[PDB]
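In case you want the letters, here they are:
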Amino acid sequence: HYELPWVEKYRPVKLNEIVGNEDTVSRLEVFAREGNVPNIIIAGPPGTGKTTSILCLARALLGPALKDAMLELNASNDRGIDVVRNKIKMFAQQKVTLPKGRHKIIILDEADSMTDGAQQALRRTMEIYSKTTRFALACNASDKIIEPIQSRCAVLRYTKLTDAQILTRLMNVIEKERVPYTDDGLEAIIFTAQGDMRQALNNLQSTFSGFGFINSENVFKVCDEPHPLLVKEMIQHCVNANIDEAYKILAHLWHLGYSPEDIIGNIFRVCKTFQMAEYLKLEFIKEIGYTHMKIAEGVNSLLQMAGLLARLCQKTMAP
Amino acid sequence: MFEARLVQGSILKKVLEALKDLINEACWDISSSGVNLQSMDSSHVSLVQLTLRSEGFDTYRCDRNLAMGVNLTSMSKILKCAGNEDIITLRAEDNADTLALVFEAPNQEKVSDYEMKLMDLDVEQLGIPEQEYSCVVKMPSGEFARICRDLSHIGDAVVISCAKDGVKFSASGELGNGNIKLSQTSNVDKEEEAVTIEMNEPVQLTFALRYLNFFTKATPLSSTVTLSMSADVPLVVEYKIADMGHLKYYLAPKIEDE
Amino acid sequence: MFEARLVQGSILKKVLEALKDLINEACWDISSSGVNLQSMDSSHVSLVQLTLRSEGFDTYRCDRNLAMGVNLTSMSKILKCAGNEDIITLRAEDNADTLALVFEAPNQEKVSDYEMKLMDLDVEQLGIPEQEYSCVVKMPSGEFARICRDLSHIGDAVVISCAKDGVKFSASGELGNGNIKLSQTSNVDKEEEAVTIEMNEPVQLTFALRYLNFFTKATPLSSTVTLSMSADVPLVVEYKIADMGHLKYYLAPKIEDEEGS
Amino acid sequence: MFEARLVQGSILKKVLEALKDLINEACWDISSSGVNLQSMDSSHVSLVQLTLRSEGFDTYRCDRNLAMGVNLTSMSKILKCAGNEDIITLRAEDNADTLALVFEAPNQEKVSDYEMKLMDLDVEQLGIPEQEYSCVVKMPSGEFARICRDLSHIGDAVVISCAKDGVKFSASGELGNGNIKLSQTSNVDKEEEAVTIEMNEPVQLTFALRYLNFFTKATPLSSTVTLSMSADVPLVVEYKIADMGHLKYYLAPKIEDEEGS
Amino acid sequence: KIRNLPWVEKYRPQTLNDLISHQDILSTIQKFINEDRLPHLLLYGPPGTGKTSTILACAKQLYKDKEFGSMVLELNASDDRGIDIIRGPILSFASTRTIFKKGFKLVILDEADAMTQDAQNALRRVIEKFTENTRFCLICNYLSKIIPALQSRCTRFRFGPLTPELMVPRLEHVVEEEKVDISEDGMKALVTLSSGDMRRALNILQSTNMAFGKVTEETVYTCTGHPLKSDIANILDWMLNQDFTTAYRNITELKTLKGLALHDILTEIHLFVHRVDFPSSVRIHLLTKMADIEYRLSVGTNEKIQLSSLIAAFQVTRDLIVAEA
Amino acid sequence: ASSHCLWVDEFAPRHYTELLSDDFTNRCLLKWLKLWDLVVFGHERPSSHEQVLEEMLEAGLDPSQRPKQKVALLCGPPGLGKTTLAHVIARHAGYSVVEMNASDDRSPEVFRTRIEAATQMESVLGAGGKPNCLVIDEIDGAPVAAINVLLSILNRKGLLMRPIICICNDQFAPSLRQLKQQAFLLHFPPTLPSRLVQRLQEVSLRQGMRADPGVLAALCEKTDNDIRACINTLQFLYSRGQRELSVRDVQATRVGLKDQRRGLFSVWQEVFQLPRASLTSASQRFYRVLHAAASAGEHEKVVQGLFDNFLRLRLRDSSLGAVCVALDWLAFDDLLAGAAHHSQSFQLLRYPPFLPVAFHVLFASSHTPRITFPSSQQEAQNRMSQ
DNA sequence: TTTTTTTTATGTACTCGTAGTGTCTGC
DNA sequence: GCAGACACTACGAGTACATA
Ligand SMILES: Nc1ncnc2c1ncn2[C@@H]1O[C@H](COP(=O)(O)OP(=O)(O)OP(O)(O)=S)[C@@H](O)[C@H]1O
Ligand SMILES: Nc1ncnc2c1ncn2[C@@H]1O[C@H](COP(=O)(O)OP(=O)(O)OP(O)(O)=S)[C@@H](O)[C@H]1O
Ligand SMILES: Nc1ncnc2c1ncn2[C@@H]1O[C@H](COP(=O)(O)OP(=O)(O)OP(O)(O)=S)[C@@H](O)[C@H]1O
Ligand SMILES: [Mg+2]
Ligand SMILES: [Mg+2]
Ligand SMILES: [Mg+2]
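Cut-offs and rules
Residues numbered from 1 in each chain as written, not as in the entry; some residues may be left out. Chains lettered and ligands numbered in written order. Part of a larger assembly, values for the part shown. Heavy atoms only, no water. Residues with missing side-chain atoms left out of burial classes, pairs and counts. UniProt positions renumbered as here; feature names shortened; annotations may be inferred. Helix = DSSP H or I, 4+ residues; strand = E, 2+ residues; numbered from the N terminus. Core = buried A, V, L, I, M, F, W, Y, C linked by side-chain atoms within 4.5 Å. Buried < 20%, exposed > 50% of the residue type's maximum accessible area, 1.4 Å probe, protein only. Contact = heavy atoms within 4.5 Å. Patch = residues over 30% accessible without salt bridge, like charges linked within 9 Å, V, L, I, M, F, W, Y side chains within 5 Å. Areas by Shrake-Rupley, 256 points an atom, 1.4 Å probe, with all protein chains shown as cover. Salt bridge = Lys/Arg side-chain N within 4 Å of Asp/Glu carboxyl O. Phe/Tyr/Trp six-rings, centres within 6.5 Å; stacked < 30°, edge-to-face > 60°. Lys NZ or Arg CZ within 6 Å of the ring centre and 35° of its normal. Pairing = 2+ DSSP bridges. Axes fitted to C-alpha atoms, helices over the stretch in contact; angles between N-to-C directions. Near = heavy atom within 4 Å. Polar contact = N/O pair within 3.5 Å; in protein donor to acceptor, adjacent residues only side chain to side chain. Nonpolar A, V, L, I, M, F, W, Y, C, P; charged D, E, K, R; others polar. Domains from an automatic or database assignment. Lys, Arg positive; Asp, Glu negative; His and termini not counted. Charge placed at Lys NZ, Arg CZ, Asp CG, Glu CD.

Per the PDB record, the structure was determined using cryo-EM to 2.75 Å resolution.

Chain F goes by Chromosome transmission fidelity protein 18 homolog in the PDB entry, where it is assigned to Homo sapiens. Per the PDB header, the title for this entry is "Atomic model of the human CTF18-RFC-PCNA-DNA ternary complex with narrow PCNA opening state I (state 5)".

Taking the PDB entry as the reference, chain A is identified by name as Replication factor C subunit 2 belonging to Homo sapiens. For the record of chain A, the UniProt heading Function (literature references left out) holds the text "Subunit of the replication factor C (RFC) complex which acts during elongation of primed DNA templates by DNA polymerases delta and epsilon, and is necessary for ATP-dependent loading of proliferating cell nuclear antigen (PCNA) onto primed DNA. This subunit binds ATP (By similarity)."

Printed below as a string of structure tokens:
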């Protein structure tokens, strides 16, 4: 036997072991205890627990009839226009004897990958057979799912996990695995997690396997500090036309091995949500796109990113 | 516990090939008298009423009345692999989601057990189609299938007119007009080809060709077919099987008469 | 100098039509004992071990041992325009790239010399365990092809079991299940149609239907096939060609997990 | 006045399909001897000659040396509407600007007349030298079509060699060389299968494949085919189409590589 | 035996002990292998840092030669990796067990940033569902071209640029294995012109040793065509110290005499202007003008006019710097 | 079976008096279906946008004793009650509903034979059988050949003796453009908030859950007058742990917030016109305009509408600087599209979504601009092709 | 309270229509 | 033994889109 990693080994099997989004998870616990759950679409960031919540709800609702009363489909399946017509509808028509308040569950995990026509064909089989089957969809980008499907389901939105919510699960995993730690090392694991429980468990497993102790140095020897918090300081320096500190941050990101495309993507993602003037934000975004066209053409050097920083500093002092 | 041992798979094969493209589901009603199937299209065009009595099987066990809603294509997929002359055990439990079929089809002691999942089909109720048909004629099944194919060669619909003389089929198209006139063919050695007429009040209707071809695809099921048609009552073809039961096909006429 | 001579062209056509959608490239290992070919599929799930004896060829000479890696789509296009009753000469030099297929037209007048360019794949040799199997079944190849085609209509993965009674096939699909169990069919006038059980311990394993249906395309090579199964070693489909050699197909089981409940 | 009648409608229905994708127009020269067509392709590689004598027509009227130019994109659609075993009459006035084809419908109940606009093209005769070729061979027509089709799966261009032994077709590509030969087929019952040699000096030239396939699209017009080659003269493919006349194909060779030292 | 191989392929770190730089990452991966706790890995970094060599050394350590073809499925950008491949051979390799001996299998996806996002979305439940049976390693150069769902499922190691201090002993091993006479300035020039990339270090070493027979600073900077530091210092001094015509003549004579290119001159002058204590308004103008000149050199433009514009960008700022005082 | 079914199916209308749609559209559909009473049932007696419908209901009949508009096309945003209106109106007028939705094969031959089955034959029950009213749900996703098959069946002069009613969501689909010229066009307005608040009060009081009309009005505002989304949100939010609904549960974005695809004219109106008088900050308007222009889709049509409408406004910039920087932004988008389609680098396609919001920074006014549909670029391209 | 159309250059993916073709039925 | 019919997959072809 081969031992699973801590992401897959410590996947929750009950809905009360899922941390974060306490009201939605509590209502899912009530629905799993009682029954008669509506059609559900869970959207949110990766690693929040959407697949875990859907699978735990389906398991707690169905019990021993999970093998014959559940149809699970992924992006690794076909699920095209011919599968929604022929397989999903035939499962929705299928007779399955269940206790009261329990229905068949068609889990459609990662529903962004489904095409528009398959989602159009899904509508009437959602609406007709709703007294015998239910739907539980998980997604990341909720705009990929069309508005009839979002009207036919309860749209639950998961938010990014906070520090204490991940810290509780990390304390549970640490007490399970007898991992020695400091508070600074757990804070570094939270810092590298960025609201992701998968990355928190992966970084904890990597640090414990590589060094056997969780302090800040052992975490930062194998894991990495996040990119946009450091990019935001450079954008703040470019707002005040401080080219020296902005180039210091740019050269530090350059010597870490980051490509110009990743750096300019982080610069654009920071400048989308930065707190400055809107016209200055549009000037910054237009200059970033002008530089990114040159990056995509083939000229991608440190001088080109320095010229982008110099043009962003010029945009400040040009009313 | 329901068990029905059909003595030969040929009748089951011909039935499920006859209503393969006709009805989208099979609703077997199980009682002590036998197996009943009263199915209707979703557009109310064709109706199938099949009855297989308990005496026509090798054995018949039925504790409670059962409703087996089953997919047509999922059973055609089964009896594409069945045997023409072999015993077929169609069995089910009282409260179950599956329907089993056991057979030894290739005559090579190959014990095949094919299971199906039920359909949860809404309980629509059709009590009795009223039978007061003015024109009741008798015809061989093979000649009916051949003339339906001959009409299918030319047109897209058949004008069927009864008479004391017989049944006249007409079809019109751009290529030409296909028309035969049925005569009294009782002066032959074969009793299946003899056309017996018990009609009054002649009626001329128009029927779709595709549903008539699907009705006449069951030619080897019985040697002789019975036609019953009248005004404002849908046409019945009827195959009386030898020992198991009977089969009734109901077709609604076209709105555009003649 | 390598020069083999297939007495008829039908056997090479059946071999290269069995492996066409399965094998990426053909590695002919040449020795004085014969021609060996151990090649995995593109998915690294199946394994093909073809052994052609030297006595089955018309003339067979081999001075030094070779290992010719060649493409399979090119050889399929070469063997498509080949007869079933004509002699086919396979030629190869010591340090050349031309693998020559020399045969005759279906008009039986003009010669045809089709060269192929050898590849450099240097793949490591895969070790066949050649251990004893807990289940050995002799069955006709046409019945095996028919039962695999019938199980492909129901599901995609097929649980095949074998015990003291006989081999059993199950396909739990979306329409339902199909369970076909055949045993003791030796009481016929033919000798090819027989089901024989040799070994003891029952095994139940799940395999993909696509690779089984690819394996069944070697039905015209041998009238009777052998199935070898055990709890650890993979599924072996053994075709014994009449006077040329044999063909072994190895298929790995799928990973199945029971319900937690 | 131009007024001609055919004896068989299959001659046009086999000779316009080779010219469908080969040449963009059909220019017919009218004379007392017969109809002559000399058309060069748009890439200046292929040259098509077709000389149908006046003795082969059912009737033939020609007073003045006239030239008609018809397109292919309309005549190809017109020819498919025509029959197979019916009669075709071609009509052209002295001063009108249209060409009329009168034939029988495939339903064999009405006469069909189709008119085509005369394209006024300004061409000049290139002029074949009709010199002594260094190699003349005779081959079957359908066998030559099968030979040109079999080299299509190998390389984009073919190599024709012609020594005193026979005619060697080669196709060198990324897959491997395909070499076929035909020699000494005089011991057959059919006279059209006689693969013979007629000249002495060997010639080796590389030609295109697409134009040779377009040349072999006109195979059931004749029984045999003739191939003529020299050191610098283009390849001549000759068909003797029944009794009314003959057809010639000229294909220029490719530019040879720099293999000197 | 000897083989005709490039020195970036003849000298590949077949074991994990032969890689030089990423010692904490390699120690963690070695402890992953020894404890049999290997996760789905995501190796990202600049080119020539040793990610493919790392995963090939790990695959050779995990599996023997008699079973290597049944346990490792390696796919790269030279292979078709569409969504039919993810649903086909990759899913069948993940969902089935091994042939010969028991063990966990390894799917290596080299250059995973070249995969389509449909294939990356199909990879997610293949990675998550068959974690116990098979392991996945994605290797990329651009982390933004991999979807965040795949970045969540894999533990990511940044294979950063090779520091020149740790870069020296591997180059000394290659030098001793090839009988190359190299000076200390030659090794310094190798680790300077490589810039965290062992491939170009070995390529420049092999090219210099074939072209000249010795590896010194002059031979390396002649074979590469790169300008020396003194040449760039002279060019900057000429641009900042005298008028347009004399600086133009001196820079033109230096470029004609040594055969220099304007791209490398622009790169080294850009590295120099952040070291020279310029005013911030001067530095912004210099960076903008040099980025414009470098963008103008990417198409069919005359290099003499661009050299004159490079001189012009400093002749503008000379008076401004002096009058700033 | 209270614990077996959804609340959207438990509270579905089973009669004409329980519908939640606009009364004018219900009366127009019922009158249009009762215009078929002479041909179908064989009885002479059955028992602006409004003006054209009232004229076509009183326009008379063709000499074949049929309405001259034989197809009723139903259009509107999702969750209003179009399928419910079609089924209730068809079962109210004595018909039997035959449905053909997007979950069927929809090939041009299967579509043809299904319409020929549904409309060209009488009932197999004989006398007393209900006629068939063919309801074609989700016709906007059908291919153009299926619409051609439907129109060829609609225009056989083989005569159509049964009504056909089609339901779609977007009336401006390219496949339905020939249908709108031939159909009884019924466009669904959004439902009245007071009626939906009263219906949600009835549903919550039937389910034993207490809620003020203010929180239900806020929920109706959140779901954009969607009946099904509001009832599903109430079914999730009520459960049985608590009885009284809270305003902060509706105001939270965790439950009940779905993505609405914005119309083109609504996007142009929210770009060009400022919101009427929190929401007064420029950053919230920036993010709202950016997200609305992203959620609308059809980016090229949005750019064409901005290009064709921004010079028709009452522009306050008399120095033409705003027009010049808007044209600079348009050229920036054009260069980004060219570079992305040349270098196959489509990560450059995240900047032209900031083209509309830039216009919102430039030409936002408190006036009421008359936004027209863009046609100048397409007319110029067609004329250049000619 | 306002709606018609094909350009951008590859690569991939989806969906649908069509055509050889292996095999089964029948006289 | 050879013509007609059945479903089978390979292949041609049209269309959409590609970001956060
Ligand atoms: N809220 C949570 N509480 C506890 N463990 C969690 C939680 N969210 C994620 N995890 C862990 O992370 C693993 C992955 O969770 P998933 O539900 O598969 O991620 P996800 O929410 O589906 O995100 P995506 O979009 O599918 S990548 C689980 O197996 C758990 O071990
Ligand atoms: N850390 C290292 N130690 C020793 N040699 C190295 C190292 N990194 C690279 N090399 C050399 O460079 C060659 C190629 O390195 P790779 O392993 O291919 O690096 P890479 O990270 O895969 O680059 P990319 O991103 O695939 S282009 C190896 O064969 C070695 O000769
Ligand atoms: N008066 C009503 N009271 C309560 N629920 C209603 C009422 N009318 C309709 N509904 C429900 O609200 C929904 C209305 O949507 P439908 O009519 O089924 O579909 P639709 O309105 O056509 O919208 P789309 O485009 O199909 S998503 C259904 O779930 C109905 O059961
Ligand atoms: Mg998930
Ligand atoms: Mg690499
Ligand atoms: Mg609807």
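We are not done yet, so read on.
Below, the discussion takes up the overall build of chain F. Per the secondary structure count, chain F includes 18 helices and five strands. Viewed in the frame of its principal axes, chain F has a C-alpha envelope of about 80 × 65 × 40 Å.

Turning our attention to the nonpolar core. Within soluble globular proteins, side chains that are nonpolar generally end up buried alongside one another. Membership of the largest hydrophobic core comes to 244 residues, with the highest contact counts inside it found for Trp28 of chain C together with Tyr249 of chain D. Residue contacts for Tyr249 of chain D: discarding those within four places in its chain leaves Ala18, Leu19, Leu22, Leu47, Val48, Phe215, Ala218, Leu235, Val236, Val237 and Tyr239 of chain D. Ranked by size, the runner-up nonpolar core spans 132 residues in total, among them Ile235 and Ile269 of chain E together with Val289 and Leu355 of chain F.

A surface patch of nonpolar side chains, about 240 Å² in accessible area, is lined by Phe191, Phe220 and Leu229 of chain A. Here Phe220 of chain A lies in helix α10 (residues 216-222).

A separate point is the packing of aromatic side chains. Under the definition given, this model contains 38 aromatic pairs over all chains. Measuring from ring centre to ring centre gives 5.8 Å for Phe268 of chain A and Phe354 of chain F, while their planes differ by 85°; the resulting arrangement is edge-to-face. Remark: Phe354 of chain F occurs in helix α17 (residues 354-362) and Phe268 of chain A occurs in helix α13 (residues 260-272); the pair is interchain, linking two chains. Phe354 of chain F sits in the buried class, given a relative accessible area of 2%. Between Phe2 of chain B and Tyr60 of chain B the ring centres are 6.2 Å apart and the planes differ by 75°, which places this aromatic pair in the edge-to-face class. Here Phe2 of chain B, found in strand β1 (residues 2-6), pairs with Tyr60 of chain B, found in strand β5 (residues 57-62); they are 58 residues apart in sequence, far enough to count as distant. The aromatic ring of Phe211 of chain A is capped on one face by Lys221 of chain A, whose charged end is 5.5 Å from the ring centroid. The ring centre of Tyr295 of chain E lies 4.6 Å from the NZ or CZ of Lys294 of chain A, which sits over that ring.

Now for the pattern of salt bridges. Enumeration according to the criterion identifies 56 salt bridges over all chains in this entry. Where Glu177 of chain A meets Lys9 of chain A, a salt bridge forms, and the shortest distance between an N and an O atom there is 2.7 Å. Residue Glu177 of chain A is located in helix α7 (residues 163-177), and its partner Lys9 of chain A is located in helix α1 (residues 6-9); the two are separated by 168 residues in the primary sequence. When its relative accessible area of 35% is taken as the criterion, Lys9 of chain A is described as partly exposed. Across the pair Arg5 of chain D and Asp58 of chain D runs a salt bridge whose closest N-O atoms are separated by 3.6 Å. Remark: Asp58 of chain D occurs in the loop between β4 (46-53) and β5 (59-62) and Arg5 of chain D occurs in strand β1 (residues 2-5); sequence separation between them is 53 residues. Note on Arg5 of chain D: relative accessible area 30%, which makes it partly exposed. Judged by relative accessible area, which is 49%, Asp58 of chain D ranks as partly exposed. In this structure, a network of salt bridges that share partners links the residues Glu8, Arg11, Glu110 and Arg198 of chain A together with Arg124, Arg125, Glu128 and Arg153 of chain E.

Okay, the sheet that holds strand β10 (residues 135-140) of chain C next. All names here are of chain C. If you walk across this open sheet you meet the nine strands as β6-β2-β3-β4-β18-β17-β16-β10-β14, and the pairing is antiparallel. Two strands close off the open sheet at either side, each with one partner strand: β6 (66-71) and β14 (196-197). Two elements, β10 and β14, share two bridges in a ladder whose sense is antiparallel. Considered in β14, the bridge of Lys138 is made with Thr196. The strands touched by helix α2 (residues 73-80) are β2 (25-30) and β6; relative to β6, the strand with the most contacts, the crossing angle is about 80°.

Looking at DNA strand H, the residues that line it are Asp143, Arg269 and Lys272 of chain A, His153 of chain C, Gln117 of chain E together with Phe346, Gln347, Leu349 and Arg350 of chain F. Backbone sugar and phosphate groups make up 41% of those atoms of DNA strand H lying within 4 Å of the protein. Interatomic distance of 3.3 Å between a backbone N/O atom of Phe346 of chain F and a sugar or linking oxygen of DNA strand H. Split into classes, the residues belonging to the surface near DNA strand H amount to two nonpolar, three polar and four charged.

Residue and element names in this part refer to chain A. Taken as a whole, chain A is organised into domain 1 (2-161), domain 2 (162-225) and domain 3 (226-317). Here the C-alpha centre of domain 2 lies 30 Å away from the C-alpha centre of domain 1. With 14 residues of domain 1 in contact, the opposing surface of domain 2 contributes 19 residues. Put simply, domain 1 and domain 2 have four residue pairs in polar contact between them. Considered class by class, the residues forming the side of domain 1 that touches domain 2 number eight nonpolar, three polar and three charged.

This next bit is on the protein's contact with DNA strand G. Lining the immediate surroundings of DNA strand G are 22 residues, of which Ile81 of chain A, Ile83 of chain E together with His341, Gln344 and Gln378 of chain F lie closest. Sugar plus phosphate, as a fraction of atoms of DNA strand G within 4 Å of the protein: 47%. One of the side-chain nitrogen or oxygen atoms of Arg177 of chain F is found 3.2 Å away from a phosphate oxygen of DNA strand G. Taken together, the elements giving at least two residues each to the surface near DNA strand G come down to α4 (81-93) of chain A, α5 (83-95) of chain E together with α16 (321-343) and α18 (376-385) of chain F. Its residues assigned to classes, the surface near DNA strand G comprises eight nonpolar, nine polar and five charged.

The antiparallel open sheet is built from nine strands, whose spatial order is β5(C)-β1(C)-β7(C)-β8(C)-β9(C)-β13(D)-β12(D)-β11(D)-β15(D). The open sheet terminates on both sides in strands that have one partner only, identified here as β5 (61-62) of chain C together with β15 (203-208) of chain D. As defined by bridge partners, strand β7 (residues 88-92) of chain C adjoins strand β8 (residues 98-104) of chain C across three bridges and the pair is classed as antiparallel. Looking at β8 of chain C, one finds that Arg91 of chain C is bridged to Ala100 of chain C. Contacting β9 (111-117) of chain C together with β12 (167-171) and β13 (178-182) of chain D, helix α3 (residues 141-150) of chain D crosses the sheet at an angle of about 170° to β13 of chain D.

As a further point, take the site of ligand 1. The full set close to ligand 1 counts 21 residues, and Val7, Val19, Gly49, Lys50 and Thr51 of chain A are the nearest of them. Each of chains A and E places residues next to ligand 1. In this structure, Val7 of chain A approaches ligand 1 through a main-chain N or O atom, which is 2.7 Å from an oxygen atom. In the model, a nitrogen atom of ligand 1 is placed 2.7 Å from a nitrogen or oxygen of the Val19 of chain A main chain. Here ligand 1, which alone exposes 640 Å², has 99% of that area covered by the protein. Of all the elements in the fold, those that place two or more residues in the shell around ligand 1 are α3 (50-62) and α9 (197-210) of chain A together with α6 (117-129) and α7 (148-153) of chain E. Each residue belonging to the shell around ligand 1 can be placed in one class, and the counts come to nine nonpolar, six polar and six charged.

A separate point is the arrangement of the chains. Counting contacts across all eight pairs of chains that touch, the top-ranked interface belongs to chains A and F. At their nearest point, the C-alpha atoms of chain A and chain D are still 33 Å apart, with no contact between the two. In this structure chain D stays clear of chain E, and the shortest span between their C-alpha atoms is 18 Å.

Now for a positive patch on the surface. Residue and element names in this part refer to chain D. Taken together, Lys20, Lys77, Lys80, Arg149 and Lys217 make up a surface patch of like positive charges. With respect to the helices, strands and loops of the structure, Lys77 is situated in helix α2 (residues 75-81). Given a relative accessible area of 64%, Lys77 falls into the exposed group.

Even without a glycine there, the phi angle at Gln184 of chain C is positive, about 45°. Here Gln184 of chain C is to be found in the loop between β13 (177-182) and β14. In this structure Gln184 of chain C comes out as exposed when scored by relative accessible area, which is 58%. Non-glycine residue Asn225 of chain F carries a positive phi angle of around 60°. Structurally, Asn225 of chain F can be placed in the loop between α10 (213-222) and α11 (227-238). According to the relative accessible area criterion, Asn225 of chain F is buried, its value standing at 15%.

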